[PDB]
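> One file is attached below, start04.txt, containing compact mmCIF, C-alpha atoms.
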```
# COMPACT_ATOMS: atom_id res chain seq x y z
CA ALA A 1 106.46 62.01 96.35
CA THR A 2 102.85 63.00 96.90
CA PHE A 3 101.81 66.08 98.87
CA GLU A 4 98.17 66.68 99.70
CA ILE A 5 97.56 70.34 100.40
CA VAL A 6 94.37 70.93 102.37
CA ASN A 7 92.73 74.27 103.10
CA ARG A 8 90.90 73.97 106.47
CA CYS A 9 90.68 77.75 106.78
CA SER A 10 87.28 79.44 106.55
CA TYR A 11 88.68 81.67 103.78
CA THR A 12 90.04 80.95 100.32
CA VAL A 13 93.78 80.58 99.96
CA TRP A 14 95.91 80.24 96.90
CA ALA A 15 98.42 77.51 97.53
CA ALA A 16 101.90 77.77 95.99
CA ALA A 17 104.68 75.25 95.51
CA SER A 18 108.15 76.07 94.18
CA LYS A 19 111.81 75.23 94.52
CA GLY A 20 112.85 78.84 93.81
CA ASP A 21 113.83 78.47 90.13
CA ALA A 22 110.85 76.37 88.97
CA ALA A 23 107.32 75.46 89.91
CA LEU A 24 106.59 72.22 91.67
CA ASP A 25 103.71 70.52 89.86
CA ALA A 26 101.38 73.26 88.56
CA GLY A 27 102.99 75.71 91.02
CA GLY A 28 99.75 77.16 92.43
CA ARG A 29 96.01 76.76 92.68
CA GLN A 30 93.00 78.29 94.36
CA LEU A 31 91.73 76.28 97.33
CA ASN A 32 88.33 77.18 98.70
CA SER A 33 87.55 76.28 102.29
CA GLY A 34 87.76 72.50 102.62
CA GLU A 35 89.37 71.82 99.21
CA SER A 36 92.36 69.51 98.79
CA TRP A 37 94.99 69.67 96.05
CA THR A 38 97.29 66.70 95.42
CA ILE A 39 100.68 67.42 93.85
CA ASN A 40 103.56 65.21 92.77
CA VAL A 41 107.06 66.35 93.65
CA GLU A 42 110.00 64.73 91.88
CA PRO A 43 112.27 62.60 94.11
CA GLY A 44 115.54 64.36 94.93
CA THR A 45 113.90 67.81 95.09
CA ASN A 46 116.11 70.00 97.27
CA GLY A 47 114.86 73.27 98.70
CA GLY A 48 111.15 73.01 97.94
CA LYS A 49 108.61 75.16 99.73
CA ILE A 50 104.84 75.28 99.98
CA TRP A 51 102.92 78.27 101.27
CA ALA A 52 99.53 79.95 101.20
CA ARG A 53 98.72 83.26 99.63
CA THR A 54 95.82 85.43 100.82
CA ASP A 55 93.58 88.03 99.16
CA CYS A 56 94.52 87.31 95.55
CA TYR A 57 93.00 88.53 92.30
CA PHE A 58 93.89 86.80 89.05
CA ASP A 59 92.67 87.42 85.51
CA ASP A 60 91.87 84.75 82.95
CA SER A 61 95.60 84.48 82.07
CA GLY A 62 96.66 83.64 85.68
CA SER A 63 98.18 87.10 86.26
CA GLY A 64 97.32 89.26 89.23
CA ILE A 65 98.30 90.12 92.78
CA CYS A 66 98.05 88.67 96.31
CA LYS A 67 98.37 90.57 99.61
CA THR A 68 100.61 87.89 101.15
CA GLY A 69 103.03 85.50 99.44
CA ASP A 70 102.73 86.95 95.92
CA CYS A 71 105.17 85.22 93.54
CA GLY A 72 105.70 87.90 90.88
CA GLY A 73 101.99 88.22 90.14
CA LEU A 74 101.44 84.65 88.87
CA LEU A 75 98.81 82.09 89.89
CA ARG A 76 101.27 79.35 89.04
CA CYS A 77 104.40 80.22 91.00
CA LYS A 78 107.88 79.68 89.54
CA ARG A 79 109.66 81.60 92.29
CA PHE A 80 109.27 82.09 96.04
CA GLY A 81 106.68 84.41 97.45
CA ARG A 82 106.86 87.84 99.05
CA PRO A 83 106.82 87.81 102.89
CA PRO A 84 105.01 87.38 105.12
CA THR A 85 104.67 83.66 104.40
CA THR A 86 104.55 80.73 106.81
CA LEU A 87 106.72 78.15 105.00
CA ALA A 88 106.63 74.36 104.72
CA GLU A 89 110.14 73.48 103.60
CA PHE A 90 111.48 70.17 102.39
CA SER A 91 114.38 68.40 100.81
CA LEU A 92 113.66 64.88 99.54
CA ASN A 93 115.86 61.80 99.03
CA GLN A 94 119.00 63.37 100.48
CA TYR A 95 121.27 60.41 101.14
CA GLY A 96 118.30 58.16 101.90
CA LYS A 97 116.41 60.66 104.09
CA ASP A 98 113.78 63.39 103.69
CA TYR A 99 114.02 66.58 105.77
CA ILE A 100 110.99 68.71 106.62
CA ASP A 101 110.41 71.81 108.70
CA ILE A 102 108.20 74.80 109.17
CA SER A 103 109.81 78.21 109.12
CA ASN A 104 108.83 81.67 110.32
CA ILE A 105 112.06 83.22 108.99
CA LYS A 106 110.01 84.96 106.27
CA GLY A 107 107.18 85.81 108.64
CA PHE A 108 103.77 84.26 109.18
CA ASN A 109 100.50 84.61 107.32
CA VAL A 110 98.47 81.42 107.74
CA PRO A 111 98.71 78.69 110.43
CA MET A 112 100.01 75.38 109.15
CA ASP A 113 100.50 71.69 109.95
CA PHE A 114 103.08 69.73 107.95
CA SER A 115 102.85 66.00 108.57
CA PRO A 116 103.85 62.77 106.86
CA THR A 117 101.05 60.50 105.64
CA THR A 118 103.44 57.51 105.64
CA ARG A 119 105.21 55.84 108.55
CA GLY A 120 108.35 56.72 110.46
CA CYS A 121 108.51 60.39 111.64
CA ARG A 122 106.42 63.09 113.33
CA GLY A 123 104.85 66.20 111.87
CA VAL A 124 105.36 69.82 112.85
CA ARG A 125 102.86 72.61 113.35
CA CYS A 126 102.64 76.32 113.84
CA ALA A 127 99.01 77.10 114.64
CA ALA A 128 99.15 79.96 117.16
CA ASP A 129 97.53 83.32 116.53
CA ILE A 130 100.71 85.02 115.44
CA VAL A 131 98.88 87.63 113.35
CA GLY A 132 96.66 88.64 116.26
CA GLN A 133 99.57 88.95 118.68
CA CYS A 134 102.11 90.38 116.18
CA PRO A 135 104.31 93.25 117.48
CA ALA A 136 103.14 96.57 116.10
CA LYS A 137 106.33 97.18 114.11
CA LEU A 138 106.10 93.79 112.32
CA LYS A 139 102.41 93.97 111.38
CA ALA A 140 101.90 93.93 107.62
CA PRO A 141 99.01 96.15 106.39
CA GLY A 142 98.03 93.58 103.76
CA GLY A 143 97.77 90.97 106.48
CA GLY A 144 100.33 88.84 108.24
CA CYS A 145 103.24 89.30 110.60
CA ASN A 146 106.57 90.09 108.96
CA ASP A 147 109.91 88.87 110.16
CA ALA A 148 112.37 91.48 111.40
CA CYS A 149 114.87 90.98 108.53
CA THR A 150 112.18 91.91 105.99
CA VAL A 151 111.20 94.99 107.99
CA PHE A 152 114.53 96.42 109.20
CA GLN A 153 117.14 94.96 106.81
CA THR A 154 120.00 94.75 109.38
CA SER A 155 122.90 92.32 109.48
CA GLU A 156 121.68 91.08 112.85
CA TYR A 157 118.12 90.22 111.82
CA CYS A 158 119.14 88.87 108.43
CA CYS A 159 122.19 87.04 109.82
CA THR A 160 124.18 88.39 106.90
CA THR A 161 127.64 87.73 108.44
CA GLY A 162 126.68 84.17 109.41
CA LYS A 163 126.85 85.32 113.02
CA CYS A 164 123.75 86.54 114.71
CA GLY A 165 121.77 85.81 117.85
CA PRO A 166 118.10 85.60 118.76
CA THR A 167 116.32 88.97 119.02
CA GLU A 168 113.21 90.32 120.74
CA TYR A 169 111.42 89.75 117.44
CA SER A 170 112.67 86.20 116.79
CA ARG A 171 111.74 85.26 120.37
CA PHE A 172 108.15 86.37 119.69
CA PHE A 173 107.79 83.85 116.90
CA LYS A 174 109.61 81.22 118.95
CA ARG A 175 107.39 81.68 122.00
CA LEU A 176 104.22 81.14 119.94
CA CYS A 177 105.64 78.42 117.66
CA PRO A 178 108.56 76.55 119.21
CA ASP A 179 108.68 73.93 116.51
CA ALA A 180 109.29 76.43 113.68
CA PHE A 181 112.50 78.23 112.76
CA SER A 182 112.44 81.79 114.18
CA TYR A 183 115.71 83.13 112.76
CA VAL A 184 118.46 81.86 110.45
CA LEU A 185 120.68 80.27 113.19
CA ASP A 186 117.88 78.98 115.35
CA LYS A 187 118.43 75.53 116.87
CA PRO A 188 117.08 73.33 114.01
CA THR A 189 113.54 72.02 114.27
CA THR A 190 114.02 69.90 111.16
CA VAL A 191 112.43 66.45 111.17
CA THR A 192 114.14 63.53 109.51
CA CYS A 193 111.78 61.19 107.72
CA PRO A 194 112.40 58.08 105.62
CA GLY A 195 113.38 58.82 102.06
CA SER A 196 110.41 58.85 99.68
CA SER A 197 107.79 59.64 102.38
CA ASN A 198 104.51 61.31 101.42
CA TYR A 199 103.04 64.32 103.16
CA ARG A 200 100.05 66.53 103.92
CA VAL A 201 100.15 70.28 104.42
CA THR A 202 97.06 71.57 106.20
CA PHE A 203 96.30 75.28 106.36
CA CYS A 204 94.41 76.32 109.55
CA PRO A 205 94.77 72.89 111.19
CA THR A 206 92.88 73.84 114.35
```
Written as structure tokens, how would this file's structure read?

Amino acid sequence: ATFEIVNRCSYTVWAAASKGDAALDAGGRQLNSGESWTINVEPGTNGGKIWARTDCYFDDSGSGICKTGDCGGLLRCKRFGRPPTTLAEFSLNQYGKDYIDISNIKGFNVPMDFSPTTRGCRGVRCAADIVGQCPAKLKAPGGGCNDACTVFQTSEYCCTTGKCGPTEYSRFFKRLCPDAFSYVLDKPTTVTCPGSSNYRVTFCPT
């Protein structure tokens, strides 16, 4: 499957793509404002994610640091990134269907649209100014708006027992971005698309 990753933000972002134990495609790249990066993701990929990283510095070897979404200091990510990260999440060719969503469970850093480029389902977006409106206790100094599980590390925010409810913090994310997951047991906002669809992820869609 083909994913086009487009940076519409006015600032540089370093896109990342991983399934947690491996890179997807090259795993990461710098995208200046307006640049597009096309990746191929193997059919059957379960648990893939794409995100943006902000304020990164990399040396000639591809080693460095980012202020949001750093994936163990690598340009080319093999693992998932440090919160806060708005996430585009997907599982492809699962019994004939693809499943896509956006998640704020690991916080928010960059606004995002995640849409198919082929026929037969709708896209999802979270484009509100979550960083601007972020509760004081969730604000990340490096930039971004952390989720409450990252900040407070309780069973309730992290839904460790498999039983948890919405919280004042989850409801914040949910109010600004209804179509994204706000906590682990949120009512699913997953979209079912035809198997083998193609997609575009747009940073700063509006």
> Considering all atoms listed in the file, return as a PyMOL selection string whatever protein or nucleic-acid residues lie within 8 Å of segment 135-146 of chain A, sequence-local ones (same chain, fewer than 5 positions apart) excluded.
chain A and resi 67-68+83-85+106-110+130+151+169
> How close does segment 49-129 of chain A get to segment 26-41 of chain A? List, as CSV, each residue of segment 49-129 of chain A within 10 Å, its nearest atom pair and the distance in Å to one decimal, counting only C-alpha atoms.

```
residue,atom,partner,partner_atom,distance
A:50,CA,A:27,CA,9.2
A:51,CA,A:28,CA,9.5
A:52,CA,A:28,CA,9.2
A:53,CA,A:30,CA,9.2
A:56,CA,A:30,CA,9.2
A:62,CA,A:29,CA,9.8
A:71,CA,A:28,CA,9.8
A:74,CA,A:28,CA,8.5
A:75,CA,A:28,CA,5.6
A:76,CA,A:28,CA,4.3
A:77,CA,A:27,CA,4.7
A:78,CA,A:27,CA,6.5
A:79,CA,A:27,CA,9.0
A:92,CA,A:41,CA,9.0
```
> Taking all atoms listed in the file into account, name the residue in A:127, A:121, A:93, A:16 that is nearest to residue 73 of chain A.
A:16
> Can you tell me which residues surround residue 42 of chain A at a distance of at most 10 Å, considering all atoms listed in the file, apart from same-chain residues fewer than 4 positions away, and format the answer as a list in words?
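The residues that qualify are residues 1, 2, 24, 25, 46, 92, 93 and 196 of chain A.
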> Have a look at atom CA of residue 19 of chain A and atom CA of residue 175 of chain A and let me know their distance in Å, one decimal.
28.6 Å
> Please indicate the distance in Å from atom CA of residue 190 of chain A to atom CA of residue 5 of chain A, rounded to one decimal place.
19.7 Å
